[PDB]
Amino acid sequence: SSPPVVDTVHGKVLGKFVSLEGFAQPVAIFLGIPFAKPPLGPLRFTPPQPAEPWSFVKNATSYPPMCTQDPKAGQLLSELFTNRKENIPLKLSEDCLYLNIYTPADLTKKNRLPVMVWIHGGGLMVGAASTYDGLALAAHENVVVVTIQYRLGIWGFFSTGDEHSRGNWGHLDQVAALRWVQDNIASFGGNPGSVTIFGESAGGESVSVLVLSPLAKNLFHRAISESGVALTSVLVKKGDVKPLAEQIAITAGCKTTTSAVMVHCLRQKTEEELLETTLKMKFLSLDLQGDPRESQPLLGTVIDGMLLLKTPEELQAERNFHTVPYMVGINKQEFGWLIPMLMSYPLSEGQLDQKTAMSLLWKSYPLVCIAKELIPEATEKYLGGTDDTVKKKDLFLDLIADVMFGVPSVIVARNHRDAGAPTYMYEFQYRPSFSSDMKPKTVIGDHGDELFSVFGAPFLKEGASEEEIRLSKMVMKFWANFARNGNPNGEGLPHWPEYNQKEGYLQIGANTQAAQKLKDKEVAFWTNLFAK
Amino acid sequence: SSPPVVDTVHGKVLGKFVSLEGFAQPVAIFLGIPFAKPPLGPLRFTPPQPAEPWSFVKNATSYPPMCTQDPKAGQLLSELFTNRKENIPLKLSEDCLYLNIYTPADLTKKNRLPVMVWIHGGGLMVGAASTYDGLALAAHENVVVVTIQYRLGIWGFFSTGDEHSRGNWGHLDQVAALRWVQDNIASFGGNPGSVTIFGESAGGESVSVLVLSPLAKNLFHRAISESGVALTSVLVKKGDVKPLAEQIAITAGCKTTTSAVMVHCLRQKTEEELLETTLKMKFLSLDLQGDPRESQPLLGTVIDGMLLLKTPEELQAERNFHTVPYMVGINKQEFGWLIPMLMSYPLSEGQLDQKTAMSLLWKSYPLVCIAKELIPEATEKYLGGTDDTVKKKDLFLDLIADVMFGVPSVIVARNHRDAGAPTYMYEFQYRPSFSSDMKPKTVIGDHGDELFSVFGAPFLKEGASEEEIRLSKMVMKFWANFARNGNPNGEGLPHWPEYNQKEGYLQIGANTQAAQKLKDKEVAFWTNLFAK
Amino acid sequence: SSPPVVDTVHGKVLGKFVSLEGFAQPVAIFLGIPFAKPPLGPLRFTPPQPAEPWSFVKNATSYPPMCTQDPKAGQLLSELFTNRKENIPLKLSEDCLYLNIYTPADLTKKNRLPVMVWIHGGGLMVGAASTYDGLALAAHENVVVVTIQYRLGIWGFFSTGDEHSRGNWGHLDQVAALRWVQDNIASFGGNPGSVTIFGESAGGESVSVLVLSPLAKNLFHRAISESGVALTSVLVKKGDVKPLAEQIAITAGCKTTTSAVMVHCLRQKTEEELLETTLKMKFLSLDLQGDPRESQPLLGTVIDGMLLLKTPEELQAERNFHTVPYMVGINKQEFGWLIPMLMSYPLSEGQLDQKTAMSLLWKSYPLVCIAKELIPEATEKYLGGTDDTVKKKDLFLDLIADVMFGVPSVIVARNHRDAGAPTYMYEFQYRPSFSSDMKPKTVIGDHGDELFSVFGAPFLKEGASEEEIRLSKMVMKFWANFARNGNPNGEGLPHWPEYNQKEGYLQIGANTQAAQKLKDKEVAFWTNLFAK
Ligand SMILES: C[C@@H](CCC(=O)NCCS(=O)(=O)O)[C@H]1CC[C@H]2[C@@H]3[C@H](O)C[C@H]4C[C@@H](O)CC[C@]4(C)[C@H]3C[C@H](O)[C@]12C
Ligand SMILES: C[C@@H](CCC(=O)NCCS(=O)(=O)O)[C@H]1CC[C@H]2[C@@H]3[C@H](O)C[C@H]4C[C@@H](O)CC[C@]4(C)[C@H]3C[C@H](O)[C@]12C
Ligand SMILES: C[C@@H](CCC(=O)NCCS(=O)(=O)O)[C@H]1CC[C@H]2[C@@H]3[C@H](O)C[C@H]4C[C@@H](O)CC[C@]4(C)[C@H]3C[C@H](O)[C@]12C
Ligand SMILES: C[C@@H](CCC(=O)NCCS(=O)(=O)O)[C@H]1CC[C@H]2[C@@H]3[C@H](O)C[C@H]4C[C@@H](O)CC[C@]4(C)[C@H]3C[C@H](O)[C@]12C
Ligand SMILES: C[C@@H](CCC(=O)NCCS(=O)(=O)O)[C@H]1CC[C@H]2[C@@H]3[C@H](O)C[C@H]4C[C@@H](O)CC[C@]4(C)[C@H]3C[C@H](O)[C@]12C
Ligand SMILES: C[C@@H](CCC(=O)NCCS(=O)(=O)O)[C@H]1CC[C@H]2[C@@H]3[C@H](O)C[C@H]4C[C@@H](O)CC[C@]4(C)[C@H]3C[C@H](O)[C@]12C
Ligand SMILES: CC(=O)N[C@H]1[C@H]([C@H](O)[C@H](O)CO)O[C@@](O)(C(=O)O)C[C@@H]1O
Ligand SMILES: CC(=O)N[C@H]1[C@H]([C@H](O)[C@H](O)CO)O[C@@](O)(C(=O)O)C[C@@H]1O
Ligand SMILES: CC(=O)N[C@H]1[C@H]([C@H](O)[C@H](O)CO)O[C@@](O)(C(=O)O)C[C@@H]1O
Ligand SMILES: *[C@@H]1O[C@H](CO)[C@@H](O)[C@H](O)[C@H]1NC(C)=O
Ligand SMILES: *[C@@H]1O[C@H](CO)[C@@H](O)[C@H](O)[C@H]1NC(C)=O
Ligand SMILES: *[C@H]1O[C@H](CO)[C@@H](O)[C@H](O)[C@H]1NC(C)=O
């Protein structure tokens, strides 16, 4: 009856009860709980700070703003990924360090349900936590779902390569939220002792990162990466970054006399100004002309010396870290449609040839980082198969899909396994009915397609075949089960082999059954082609 | 001789000696002593901070600037209230956290005279400490007089209802000055152990507030409210204030995305800008058209959760607080001329009728907060008396005068009495010869009229009848005596009955004699009319 | 070889090895090591703060920017003083609190060589540490040479005469660097226990200042002032400075309502803006028209109450301070050419007369501070000698040279001697072959001429007569020796008498031999002429 009121370390929070069809216990929902101090003014480009405690009762009943980002791009992605029926239009602001909590527990008791913290993707450029509705998953598997937000673009990843602005602000925000959960989740019926992180795309990469970070140690107990890991090069800036810093500085109208000078000048700029700079830059939009190597696609994770002490590669080559059950998965066709369409890929011809391929792959250097001396050899192994110009276009996509997620994922999984830690893999092959109209019916297992099963899209949206509804129920169980025991298995669900020496993984889809050696041939191949 | 030099915790202060006619020991006067760090830049809308200590000798010989406020309004009020012969023109600035000290002690000794700290009024919108000259009172009753300043308008009362800008900056400034006095007054011959706060209008309201605030506890030992208390609704913002915040924000040219966003944006604005916004808001002028309820008159005290933990009403219903001798007084005709004239009241006809009255009272909602369903009944009890349209105009004034000060004051006094604490009341009925020309000779005991007797106007200005001179001498004695023993009585002065169960109070004026049950009929009445 | 990497309290520093002709052990050189946090934003006009520690290895391999200053003036002086063959063009920035280290030690050992910290001159208006190359001196006398930088002009000396902006930021920066050396120099083979400060012109004045400052106590163990001391009036602002503050404020487009208001407003201004203001002020160029007394030449050292508790004069009249070996020297013709040419002195006629002299001396009031009632008498003692209009021009120069450096220096030296501390004086008379072309061959011992011998110019530049090369070798020995034992003497070098009661000093030049009572006649004279 009376709105739910929970007590947190910083003050009381007022939520709202929401009931899902066919469920007695209604879910308590809190929207916009702050987990850090608004990173405004001098706090820009600095680690997130603890939030100021409030004097009375804070109403967590309005969706928090999304971090500053390209408004069009953001709203668009929010629509294509949202698991709720009506997409919620959001506001933009630097004041976005909020998290949304969804608890199916009976607050009037001492419940200690498992917690699943979701890290939205968006290439570390755009995205939001309000996009994902935890209602379904919260109710169906009886787990507390938390959707966190973190600084994006410049605001969360600007780096000068030195102590004046190390960088990785966004990841720090992520860590911060995790501590908030440790220190508060208990009041929402969650068990701080069983926290599970999971995300997709950049969000999945972030999970991979936190699993390597000394800082994260002890903030979670199970991890899941969906279509995205740390070895996913494009998102990790290796090498001297100072140049990009100076570039951003200039475009923003700042001098570059010294690092300190740049950061200071940027701290002066208004959000609006920095947003225009973010636009001027043309990022995700894949540049075709000019020099492919000079084309800088973004500014993500970096080896700051705090969150990460060294490249992911070097890091995983060691087993001197707290290892936890890690689930690493990918989708049948990562580069099926969503991604290419969003970057404005020239493949709007529905066909390609060996010559136009090498050219395209080369201009794709910022997304695949392949030397132009290997391109021919790589193009050969994938396209030299058939003569059907259409098959080549599809093979070309698989090419990129393997370099960006395919191989990285498996490599990560193997290392984790070898480090002596529970590892699990999967390949989601299914075409959700919620797919966009502009998406061809032949694209199955496209980027983010799993999102709908994981977040129970069939129980919030409309017209889900019984098949889809069942698929979703199955995935949530696996996920939730993992979050519970660090093992997806359970009664009623197909057997999911652990990723050990036999390299078994689960193929999720219409026919969900186990398999082995995922992308084994590919990994083996690319590894050599990269050894030059 | 040699200018007076006193040592304070933050450094040496140089003053000036001023002799009053017929007094051997000249008074040492220090003007512009800082008691907090200039609330500039990022310090705006934040609690006042300790002042930076100075290296040599600071000359306290120039009147400090008055906090930013409507310059016309301010200078005008300064003239109508000033107790000195020539009104001193002041400067405006955000740097106004200063206090003026007036000590009749012989600094070359260890004097420990009682202290009286004066809080000027001005509706929390305008005012200044330099307006009041302590010379007379200081010399005549041998007490150290201190005139403090505190942030006004937006600068001192802007609030978003949450931790991003709780509010009550002004009251915090007031508390701050009080601590300064505890930590330093000893060096000017004052006794930190016997500090008495007193003020009028908003300043009187502030005294009432500090008497309820946990923060004030132990900073004073006697209190006096002249024509103004905490129950004086107009000055206390109860309810969700967020709306006014957003309104101010907009007028100032700021977004309203979140609270944090508003405060930050306002911190950017220049003083000039915020002053224009203050003007645009048309703060004091009473709006007649539009919806009377929508008309927002100001932005004063709020229930921040720091200075005040709950509404004054709720607070005084409890006796779990440090109680001190409290003197609560009012004047015969609070709404006689001063106030109406300053708000531009439509009563420039010298007469009114039952119908035009209810209309006027309704538009006066922001100043009386009376439901339009009671207005008729209220108008009846006061105006239904005679038919003389002129008498009604005068009765209408008394109506407001009772709701704004009359009843509140008495109720406050009663609660204080019942809380088991020395309580004293008075009703000042006299027409000072210093009254403005535009003030009719039939208005006696108008708002602020007591100010002239209290600050010894007859000994600084010119042409005071012996009667006025004597009246003043009498009031100062009562006041000073209270400041000394928490009891006005003393030899040579009429007997002042304590406000106990018989409800005795003192009628000050040409014929000063005791009386009983002040505004008893009214209180009783209004209480019911308000119980709907 | 592997670049030199040293560990400091704030992190690892990477340098570069540089070998000098005919020296086995190459010198390790580190350029741009930060010793304080960039004084940007709110840190402007505030004491320097500790630097932020870095996570990996900081490459100290690029010349740090020079503090904001008149670019033309700066580059010009850098050329005329530089001891290296090719003048290094620098960048301007508020981020300039860096120091350059030059160590001839074998970092692979526990070396503890003496340290010599150089404070460049430039009237506290311009200058840089990168101008002086320590390579030679470092190698030749086996001492660790450090060249520090400190805030200049407005940025480092703006003062309001009160706690809102005491001033002497620049000197504080200097002190700060010295603490850095105490806390870190050990890692570069230096001995924190044997630090020697030395500078020229304003830099020399600064040395004189640190020797009187309580703050400096224990940061050095030997001091050297070249052509510049604390009594050098022009550089020390005595009296109420508030006026200059308000002037600067106005020119910068700020109000002057209060001190706090001025400082705040100035903190807002951009570097560019303040640089334009610095230019508008026409600071170093000597004004001829208008009132000579009103002409304000600069804004240097002030009696802040922190760095300096009272005027140098009063201070040295006391012997209650830590006294160390102090070397005070001057050059034959301080006002020979460099200075006059740089202020745009009207003496471009190559001759003058008794009448035009008094007029010039008077307009020179901001540089000599002589009353117009003494000018005639002063002009007489120096010019009344011969009739040769040319001799007068030369005598006129000596006149100023004695008031600005000559007498002050000796007076300082005497006091130091009398305070019971090792004192040494010298008079450098030589014309370096590196002199500018526009410098007449008859000018010997011009301002800054010693700089070339001290920094080993003959070993870095080209075409040095064997005579010059030997002179330089000799000076470096004396200097280094002093830095070692607080006594210049040693085998192979002429005997340098200590400045005791006989007042012996060393005449350095082609024929280096001792002498006595330097400028004795002059001091005696001027002292009386000044006693009015
Ligand atoms: C954020 C998404 C697209 C947003 C877009 O805005 N639509 C297009 C143009 S818009 O002007 O306004 O119309 C996604 C879609 C595909 C994603 C990219 C690819 O999938 C490649 C990945 C590889 C990852 O591991 C790292 C991120 C990344 C290098 C990507 C960055 C980012 O998350 C992208 C680009
Ligand atoms: C972005 C859209 C273009 C809208 C535009 O107006 N053009 C329409 C027709 S044409 O192009 O100009 O010929 C879509 C509409 C249909 C899409 C194409 C077809 O649906 C065929 C697919 C096959 C996919 O698996 C790969 C992309 C793709 C090879 C396409 C590239 C692209 O996303 C297109 C061209
Ligand atoms: C400061 C004075 C006037 C301010 C004014 O702006 N002048 C008028 C027009 S101006 O364009 O430029 O000329 C005083 C005079 C009468 C005062 C008001 C009334 O007396 C009513 C009181 C009731 C109090 O308890 C609280 C303050 C208050 C609600 C007032 C706020 C304030 O102190 C006022 C308005
Ligand atoms: C603000 C002033 C108006 C100046 C204006 O130019 N009008 C002048 C004459 S008229 O109005 O237009 O009829 C003053 C001057 C005289 C004042 C009036 C009279 O003095 C009568 C008083 C009686 C008071 O106790 C109440 C206000 C009041 C009923 C008045 C309202 C108001 O303050 C007036 C009208
Ligand atoms: C830095 C030099 C000149 C600066 C100058 O600005 N150049 C000139 C004109 S500009 O664009 O070409 O316009 C030197 C040359 C002579 C120096 C001055 C004189 O030698 C007098 C000395 C006395 C010292 O003990 C203190 C510094 C000082 C009071 C000087 C300050 C400064 O170092 C000066 C002025
Ligand atoms: C600043 C220079 C002027 C360049 C200008 O174009 N004038 C050239 C010839 S004239 O002036 O116009 O007569 C130099 C060039 C030669 C210099 C002059 C001569 O060399 C004579 C010297 C003697 C010095 O010891 C004192 C300065 C000085 C008495 C000079 C003042 C000044 O620095 C001058 C005049
Ligand atoms: C500021 C605003 O208008 N939005 C609502 C906020 C939001 O939670 C946060 O702004 C983002 O979620 O929550 C409140 O209840 C609160 O914090 O007291 C106030 C308001 O109702
Ligand atoms: C106008 C003004 O008030 N500022 C004055 C301040 C005051 O000390 C404080 O403001 C408090 O009076 O400092 C002076 O008096 C002073 O030390 O010479 C001069 C200055 O004009
Ligand atoms: C952009 C630039 O060239 N500056 C250099 C700075 C300097 O340390 C400071 O500017 C002081 O010289 O930082 C480095 O040296 C470093 O720490 O690795 C790299 C860089 O080359
Ligand atoms: C206070 O002392 C300062 C410092 O000299 C001086 O400027 C000021 O005029 C003095 N105050 C007055 C006005 O007497
Ligand atoms: C640091 O300096 C070394 C040697 O000059 C160089 O190899 C390296 O690239 C530099 N690193 C940085 C931070 O640029
Ligand atoms: C927040 O929303 C709740 C509804 O649950 C409401 O009662 C409350 O008043 C709101 N906050 C305020 C005080 O405005």
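This deposited entry lists X-ray crystallography as its structure determination method and 3.20 Å as its resolution.

Glancing now at the overall build of chain A. On a plain count of helices and strands, chain A comes out with 17 helices and 18 strands. For chain A, the C-alpha radius of gyration of 22 Å lies close to 24 Å, the compact-globule estimate for 532 residues. Based on the C-alpha atoms only, the size of chain A along its principal axes is roughly 65 × 60 × 45 Å. Expressed as a percentage of the 532 residues in chain A, the buried residues total 61%. Of the roughly 20200 Å² of accessible surface on chain A, 52% is carried by carbon and sulfur atoms. Between the mean site of the 51 positive side-chain charges and the mean site of the 57 negative ones, chain A shows a separation of 3 Å.

Between the two copies, chain A and chain C, the superposition gives an RMSD of 0.1 Å; the rotation angle is 120 degrees and the shift along the axis is 0.4 Å. Overall, the copies show the geometry of a three-fold rotation axis. Scanning chain A for the C-alpha nearest the rotation axis identifies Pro42 of chain A, at a separation of 5.8 Å.

Taken together, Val5, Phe56 and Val57 of chain A make up a surface patch of nonpolar side chains, about 260 Å² in accessible area. The class of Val5 of chain A is partly exposed, set by a relative accessible area of 47%.

Let us look at the site of ligand 6. All names here are of chain C. The immediate surroundings of ligand 6 are formed by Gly336, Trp337, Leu347, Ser348, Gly350, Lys393 and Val443. At 3.2 Å from an oxygen atom of ligand 6 is found a main-chain nitrogen or oxygen belonging to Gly336. A total of 690 Å² of accessible area belongs to ligand 6 in isolation, and the protein chains cover 42% of it. Considering only residue class, the shell around ligand 6 consists of three nonpolar, three polar and one charged.

Residue and element names in this part refer to chain B. Mapped onto the elements of the fold, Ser453 is located in helix 15 (residues 451-454). Overall, the relative accessible area of 6% leaves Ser453 in the buried class. In this structure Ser453 touches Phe428, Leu471, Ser472, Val475 and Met476, once residues within four positions along its chain are discounted.

Moving on, we come to the UniProt feature "active site" in chain A. Residue and element names in this part refer to chain A. UniProt feature "active site": in the numbering of this structure it lies at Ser201, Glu334 and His447. The annotated residues occupy 247 residues of the chain but converge on a single region, no pair of C-alpha atoms lying more than 10.1 Å apart. Relative to the assigned elements, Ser201 resides in the loop between strand 11 (190-200) and helix 5 (202-210). Of the residues examined, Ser201 reaches a relative accessible area of 17% and is grouped as buried. Beyond its immediate sequence surroundings of up to four residues, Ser201 is in contact with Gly121, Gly122, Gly123, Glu226, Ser227, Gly228 and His447. Note on placement: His447 falls in the loop between strand 16 (423-429) and helix 15 (451-454). Relative accessible area serves as the criterion here: at 7%, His447 is assigned to the buried category.

This part is about the UniProt feature "disulfide bond" in chain A. All names here are of chain A. Of the disulfides catalogued by UniProt, the one between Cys67 and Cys96 is formed in the present coordinates, where the sulfur separation is 2.0 Å. In this pair, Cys67 sits in strand 6 (residues 66-67) while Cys96 sits in the loop between strand 7 (92-93) and strand 8 (98-103), placing the two residues 29 residues apart along the sequence. A sulfur-sulfur distance of 2.0 Å is found between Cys254 and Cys265, whose disulfide is recorded in UniProt, and that is short enough to count the bridge as formed. With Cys254 in the loop between helix 6 (242-251) and helix 7 (259-268) and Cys265 in helix 7, the pair connects residues that are eleven residues apart, well separated along the chain.

As a further point, take unusual backbone geometry. The phi torsion at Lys519 of chain A lies on the positive side, around 45 degrees, for a residue other than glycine. Its location among the elements puts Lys519 of chain A in the loop between strand 18 (513-516) and helix 17 (520-530). Among the residues examined, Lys519 of chain A registers a relative accessible area of 19% and is labelled buried. Positive phi, close to 50 degrees, is recorded for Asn142 of chain B, a residue that is not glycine.

All names here are of chain A. Contacts to ligand 1 come from 14 residues, most closely from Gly123, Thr232, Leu235, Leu284 and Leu342. At 2.7 Å, a backbone N or O of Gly123 approaches an oxygen atom of ligand 1. A distance of 3.2 Å separates a nitrogen atom of ligand 1 from a polar backbone atom of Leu342. In isolation ligand 1 has 720 Å² of accessible area, and contact with the protein removes 85% of it. Elements with a minimum of two residues in the shell around ligand 1: helix 10 (338-343) and helix 14 (389-418). Here the shell around ligand 1 is built from residues that sort into nine nonpolar, four polar and one charged.

Residue and element names in this part refer to chain B. Strands sit in the order 3-4-8-10-9-11-12-15-16-17-18 across an open sheet of eleven strands; the sheet is mixed. Strands at the two margins of the open sheet, each flanked by one partner only, are strand 3 (16-18) and strand 18 (513-516). The average undirected angle you get between the axes of adjacent strands in this sheet is 25 degrees. In this structure, strand 3 lies alongside strand 4 (residues 27-34), joined through three bridges in antiparallel fashion. The residue bridging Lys16 from the neighbouring strand is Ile29, located in strand 4. Relative to the sheet, helix 4 (residues 169-184) contacts strand 4, strand 8 (98-103), strand 9 (113-119), strand 10 (144-148) and strand 11 (190-200), its axis offset from that of strand 11 by approximately 155 degrees. Its contacts with the sheet put helix 14 (residues 389-418) on strand 15 (326-331) and strand 16 (423-429), and the angle it makes with strand 15 is roughly 165 degrees.

All names here are of chain B. Under the counting rule described, the total for this entry stands at six disulfides over all chains. Put simply, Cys67 and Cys96 are joined by a disulfide, and their sulfur atoms are 2.0 Å apart. Of note, the bridge from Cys67 to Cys96 carries an S-S torsion of about 95 degrees and is right-handed in sense. Along chain A, the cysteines that take part in disulfide bonds pair up as 1-2, 3-4, counted in sequence order.

Our focus in this paragraph is the interface of chain A and chain C. Contacts between chain A and chain C engage 15 residues on the former and 16 residues on the latter. Counting the surface lost from both chain A and chain C, the interface buries some 1100 Å², and carbon and sulfur atoms represent 55% of this. Our enumeration of links across chain A and chain C arrives at three salt bridges. The shortest N-O distance in the salt bridge between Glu272 of chain C and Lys255 of chain A comes to 2.7 Å. Linking chain A with chain C are six residue pairs in polar contact. Of the residues that constitute the side of chain A that touches chain C, the class distribution is five nonpolar, five polar and five charged.

Residues and elements named next belong to chain C. Taken in spatial order, the three strands make up an open sheet running 1-2-5, and their pairing is mixed. Both edges of this open sheet fall to strand 1 (5-8) and strand 5 (57-59), since each of them pairs with a single strand only. If you compare each strand with its neighbour and ignore which way they point, the axes differ by 30 degrees on average. Sheet topology places strand 2 (residues 11-14) next to strand 5; three bridges connect them, and they run parallel. The residue bridging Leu14 from the neighbouring strand is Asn59, located in strand 5.

On to the pattern of salt bridges. Residue and element names in this part refer to chain C. Tallied over the full model, the rule gives 62 salt bridges over all chains. For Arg84, the salt bridge goes to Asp133, with nearest N and O atoms at 2.7 Å. Remark: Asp133 occurs in the loop between strand 9 (113-119) and helix 2 (135-141) and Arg84 occurs in the loop between helix 1 (71-81) and strand 7 (92-93); sequence separation between them is 49 residues. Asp133 gets classed as buried once you look at its relative accessible area, which sits at 8%. The shortest N-O distance in the salt bridge between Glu141 and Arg484 comes to 3.5 Å.

On to helix 14 of chain B. Here helix 14 of chain B is 30 residues long and its end C-alpha atoms lie 41 Å apart, about the 44 Å a rise of 1.5 Å per residue gives. The element helix 14 of chain B is extensively covered by neighbouring structure, given that 22 of its 30 residues are classed as buried.

Parameters and conventions
- Residues numbered from 1 in each chain as written, not as in the entry; some residues may be left out.
- Chains lettered and ligands numbered in written order.
- Heavy atoms only, no water.
- Helix = DSSP H or I, 4+ residues; strand = E, 2+ residues; numbered from the N terminus.
- Rg over C-alpha atoms; globule rule 2.2 N^0.38 Å.
- Buried < 20%, exposed > 50% of the residue type's maximum accessible area, 1.4 Å probe, protein only.
- Areas by Shrake-Rupley, 256 points an atom, 1.4 Å probe, with all protein chains shown as cover.
- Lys, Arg positive; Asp, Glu negative; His and termini not counted.
- Charge placed at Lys NZ, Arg CZ, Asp CG, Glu CD.
- Least-squares fit on C-alpha atoms.
- Patch = residues over 30% accessible without salt bridge, like charges linked within 9 Å, V, L, I, M, F, W, Y side chains within 5 Å.
- Salt bridge = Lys/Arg side-chain N within 4 Å of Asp/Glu carboxyl O.
- Near = heavy atom within 4 Å.
- Polar contact = N/O pair within 3.5 Å; in protein donor to acceptor, adjacent residues only side chain to side chain.
- Nonpolar A, V, L, I, M, F, W, Y, C, P; charged D, E, K, R; others polar.
- Contact = heavy atoms within 4.5 Å.
- UniProt positions renumbered as here; feature names shortened; annotations may be inferred.
- Disulfide = S-S within 2.5 Å.
- Pairing = 2+ DSSP bridges.
- Axes fitted to C-alpha atoms, helices over the stretch in contact; angles between N-to-C directions.
- Buried area = accessible area lost by both parts, 1.4 Å probe.
- Expected span 1.5 Å × (residues − 1).

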